[PDB]
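Two versions of one and the same chain are coming, encoded as structure tokens; call them structure 1 and structure 2.
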Structure 1
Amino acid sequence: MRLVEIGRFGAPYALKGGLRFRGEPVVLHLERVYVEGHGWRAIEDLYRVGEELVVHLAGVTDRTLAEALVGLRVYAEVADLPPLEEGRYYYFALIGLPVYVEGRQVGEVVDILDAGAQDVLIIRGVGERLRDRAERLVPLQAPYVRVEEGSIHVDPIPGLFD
């Protein structure tokens, strides 16, 4: 199993326990989500209203139960996500993956950034110079980069991870 953050609940919507959901539209394809500090909750219903998305969780049947979950992070089990085509990735799911070079862990993905024509992994990890440690950048789609289910492997390019 592996949980990845897909969003956070906003304020309750209407009176039956529905909650605004702020985060990934992929939630529309799920049947359950793990709620921070509370455990799995089956999704009983969800829908769009204008540009918002509202989720109804099993057992969250009024505003009082809903308020207890406002602001909490929401997670998906990776195995639950619709499979993507080759060469495509769920960015939110890459966050937190350990990054290795020749089998030695050199850091972990903390975010993904845009550098015009390519998506770039932001990695926190090693470095001879302190300022290079927290913002090391590696192009996600580079041929010297290999994304696997639970880790990312990068070739020992000279001057990449110094």
Structure 2
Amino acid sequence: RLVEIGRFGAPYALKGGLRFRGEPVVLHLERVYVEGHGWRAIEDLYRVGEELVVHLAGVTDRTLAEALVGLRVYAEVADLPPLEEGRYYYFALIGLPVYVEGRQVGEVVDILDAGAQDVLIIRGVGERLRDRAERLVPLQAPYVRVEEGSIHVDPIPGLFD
């Protein structure tokens, strides 16, 4: 499974270096899959100002670099560095069913980084809830539980209201 980790910005210098816009998870990868181009080994990577520059095998001059500008960058899920117990990749949570007292009430459609905490955006499922507004829930709230393949919430009054 491929997951989007970033997107290439404009070329940097004249050796094929490419500004990388995305998650710093790219610092621990040996290769990335480039949209429309396939796997490429990461020859080098470094920082310039507030940006990160990537050097892929084959991309050795500005011209070859421009061809990749604007293209999305993907990583094999298995290549992502493992997380400590209690932490999860956004893609692993998005799409999961949400339960309240053993019953499905929704589906995670997105997660908002509120800086201190992460906020799950849940979409109702089923004719009755499918057309309500999105419901938000702090992931780190004590009344929220993450299980393999699902999320559970013990709704306090007003949470889903």
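Under this definition, the rigid core comprises the largest set of C-alpha atoms superposing within 1.5 Å between the forms. Start at 1 and count along the sequence of structure 1; that gives the residue numbers used here.
Here the rigid core is superposed between structures 1 and 2, and of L69, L53, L30, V99 the C-alpha of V99 is the only one to shift by 2 Å or more.
Positional change of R146 between structures 1 and 2 reaches 2 Å or more at the C-alpha, relative to the superposed core. Once both forms are overlaid on the rigid core, the distance between the two CA positions of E108 between structures 1 and 2 is 2 angstroms or more. If you fit the rigid core between structures 1 and 2, you'll see the Cα of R41 move by less than 2 angstroms. Taking the rigid core as reference, the CA displacement of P156 between structures 1 and 2 comes to 12.8 Å. Once the rigid core is matched between structures 1 and 2, the CA atom of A117 is found 7.3 Å away.
Shown is the Cα shift of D80 between structures 1 and 2 after rigid core superposition, which amounts to 0.5 Å.
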